[PDB]
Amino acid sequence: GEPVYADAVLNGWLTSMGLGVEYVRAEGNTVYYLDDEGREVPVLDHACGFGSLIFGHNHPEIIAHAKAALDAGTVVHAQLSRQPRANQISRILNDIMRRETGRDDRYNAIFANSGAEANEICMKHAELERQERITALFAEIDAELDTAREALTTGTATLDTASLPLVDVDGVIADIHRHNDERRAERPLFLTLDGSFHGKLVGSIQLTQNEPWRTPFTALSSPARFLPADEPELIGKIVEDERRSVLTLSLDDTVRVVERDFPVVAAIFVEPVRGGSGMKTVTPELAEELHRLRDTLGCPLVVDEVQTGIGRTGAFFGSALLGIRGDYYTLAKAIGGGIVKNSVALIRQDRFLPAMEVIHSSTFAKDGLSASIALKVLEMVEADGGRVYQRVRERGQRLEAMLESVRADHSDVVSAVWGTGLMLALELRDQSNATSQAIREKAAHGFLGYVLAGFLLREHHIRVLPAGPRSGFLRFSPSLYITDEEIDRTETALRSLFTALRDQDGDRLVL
């Protein structure tokens, strides 16, 4: 009961899951904690900043580059001056996306500080595009109203009174303007997939499924409809329910009050590999439903590659690998080199509203230091003719094979292997009906994955963090330097874990 100033509830909970440890140094795929005697104990990191460390902890090339930038007196804070590195970074991502998609499209870049901040840049730019669409529609409706009032007052046409349910000339027009203004000021919707994770700020959290993370904040910001990824014959009907009309007058002899489409949906968000769903890759059938939706509503499709980008899936863009044709793209995690904080929103130049370049800004965005490190990260992942993607793919295959080898012999406690390249997960079978009270209680609290992670830490010196809404998945997203030995030690560790879980050995698994 001494004074505590941060992290008491968080540390209490980590301690009870068996994850109460302090890492004092990190290098490559290894984090070190101190044992009772003050010796460094090495632990294999499969979490790696939730997929921030494609090149591992404190990669010597990234550290040396950072130290060189600082020794050179890089201008970190040069707001409202020419910062050509922003353009140079966007040029490279532009060239990479052209190469990987064969599409000769150009993208404007807006930088931020976090993946949620890049996603929110896209939500704002989306809303700018919806205000454009709205101004134009309302401009046409005024024209239609002028032309219907000219026809009606002169006597060239008569108002059809069978259409009057939908609301005297001047009065019916006022009632239309009142209905339309009501509709105009209603919040927009965003469309996401079930299990979607797009960040936890006031805007982005509404785009994040995890119910305890989101539902307390529901009232603050525009909501998302979470479209059922696996049951996509239903998406069509869910978005059709969300159609909203404005009113105008239609001239033919006869004038009629008629409904016209109002743009409600600001954007569609998608993860090429679904972090909050336990690393499920978007299927071709779903990609094609999202394309239909985007073409149908004429809002942008935002591809969140905060986690899937910068080579993780064995291409630079996972959207490119899985055929998702986005309008806007977002990057963060690995672009900071595992040491700094950087993010980018790529908005197709044919859609990009130039106001955004001067009405949106951030103190720290586009800083000199994270700009230099981004150019280094892009140089490293592009080096030697794209062989780094090849290494991700071959390490990814080796590690997926091990995970499948383990599932095949422990299918009683493992349902699936999910993901691609080095963004993988094991789905754990429900343990809410477990023999051991200790396990069953943890499973019923949504903690099972954390307990099991605890086991792997204390018994095998392997750092794993769960994913998914009830910690029903074990994440494996290590560096492209993961060795065959480290993969064998992980296999050993998982056979041990899934053998104890089979045996319902609650005393060994739960403290």
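Only the largest set of C-alpha atoms that superpose within 1.5 Å between the two forms is called the rigid core. Note that residue numbering follows the sequence shown and begins at 1.
Here the rigid core sets the fit, and in 8 other deposited structures of this protein the C-alphas of 149-157 stray farther than those of the other stretch, out of 295-303 and 149-157. The segment moving more, judged by mean Cα distance from this form in 8 other deposited structures of this protein after a core overlay, is 306-314 among 306-314 and 110-118. Looking at the other PDB entries for this protein, residue 251 is present in the model in all of those that include the residues around it, rather than absent from a third. Across the other entries compared, at least a third leave residue 167 without coordinates even though the residues on each side are present. According to the record, 1 to 3 deposited residues between residue 252 and residue 253 are left without atomic coordinates.
According to the entry, the stretch of the deposited sequence that connects residue 167 to residue 168 contains 4 to 9 residues lacking coordinates, which leaves a gap of moderate length in the model. As the entry records it, the average C-alpha temperature factor is higher for 437-445, out of 437-445 and 343-351. Checked against the record, the higher mean CA B factor of 476-484 and 36-44 lies with 36-44. Sorting 368, 223, 338, 102 by the CA temperature factor given in the entry leaves 102 at the top. When the C-alpha B-factors of 293, 257, 423, 373 are ranked from the entry, the top spot goes to 257.
In the deposited entry, the Cα temperature factor of residue 24 sits in the bottom third of values across the chain's modelled residues. Residue 273: CA B factor lies in the middle third for its chain, per the PDB record. Per the deposited record, the Cα B-factor of residue 214 falls in the lowest third when ranked against the other modelled residues of its chain. Ranked within its chain, residue 314 lands in the highest third, by CA B factor from the PDB record. Residue 469: CA B factor in the highest third of modelled residues in this chain (values from the PDB entry).
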